[PDB]
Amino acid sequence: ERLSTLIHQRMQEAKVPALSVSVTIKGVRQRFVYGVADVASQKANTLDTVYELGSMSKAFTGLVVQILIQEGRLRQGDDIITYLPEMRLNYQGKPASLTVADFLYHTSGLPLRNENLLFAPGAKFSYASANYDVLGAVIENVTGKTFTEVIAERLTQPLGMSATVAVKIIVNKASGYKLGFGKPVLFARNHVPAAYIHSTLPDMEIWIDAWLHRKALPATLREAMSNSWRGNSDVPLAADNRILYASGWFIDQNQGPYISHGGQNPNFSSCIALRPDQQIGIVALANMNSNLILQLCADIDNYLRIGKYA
């Protein structure tokens, strides 16, 4: 019957040592912080505990690419070769053509030179985490700066997300655990844009708030946020999935707009979901990789939408 029972039950069923969840609706927000950030040391999961975002880093990368487009320093249509001269890619026998968009929207067909594509670029949606390391490079080639600097310069400092960092060790970072019979501790520079932004719950709340009040930020950010939520429709959709991919977010119109993404690292998992017509923002951070954490934001959304999750 209760939101804390749902969250605590999912935490146990998923066997994640620590779970932090934040839920906001109509400007009322509650936090659910459970468990331990480090098992052996019995260090409690606190508001300060730092998590890996995994694929939820892609929304940060995607927003920056959008800011750069909004400024005229880039276009989605731009050939990738101009920014990454080295990486030429193959399809059939023929050297393929690739655009920034192909990376943003996961239509690249990446199985990085001398490589064969799974399909002609633009032909299909196929999620490849590597697509956003490519855009990490692009953002570097464009600004002449490091990804880490651009993220801090463009997004975290202006938004005041002090504990959020794209890392080129960080205290307060929870231990990462894997799952076998029982949970063994398991606690990559080119892969940070796709998967290695680190943040805290309060900082992810700030991020959620900026997206929920994006009409009241400086125009450059605001127009880039709008464009960030434009899903790519020029792909085949499956019979039971017509959801679109936008800049590091899944966009679903069913009982929507419902805007979301999961994070799935070796040792960490997470999910974020926004329903901006009701001012709903949900974020979950966990220190273990579980498929149930990925579904947790949708449980919470069901609970808010109809009072049922079972």
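Numbering starts at 1 and follows the sequence shown.
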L112 preceded by how many uncoordinated deposited residues after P111: 10 or more
Interresidue gap class [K168, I169; deposited sequence, unmodelled]: 1 to 3
Given 102 to 110 and 84 to 92, the range whose Cα B-factors average higher in the PDB entry: 84 to 92
Mean C-alpha temperature factor, higher of 213 to 221 and 135 to 143: 213 to 221
Candidate residues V64, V33, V39, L274, the one whose C-alpha B factor the record puts highest: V39
Maximum C-alpha temperature factor, selected from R29, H261, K43, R242: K43
Chain-relative CA temperature factor third for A310: highest
Cα B factor band for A152 (lowest, middle or highest third within the chain): middle
Lowest, middle or highest third - CA B-factor, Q278: middle
Chain-relative CA temperature factor third for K178: highest
Modelled-residue ranking by C-alpha temperature factor, third containing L237: lowest
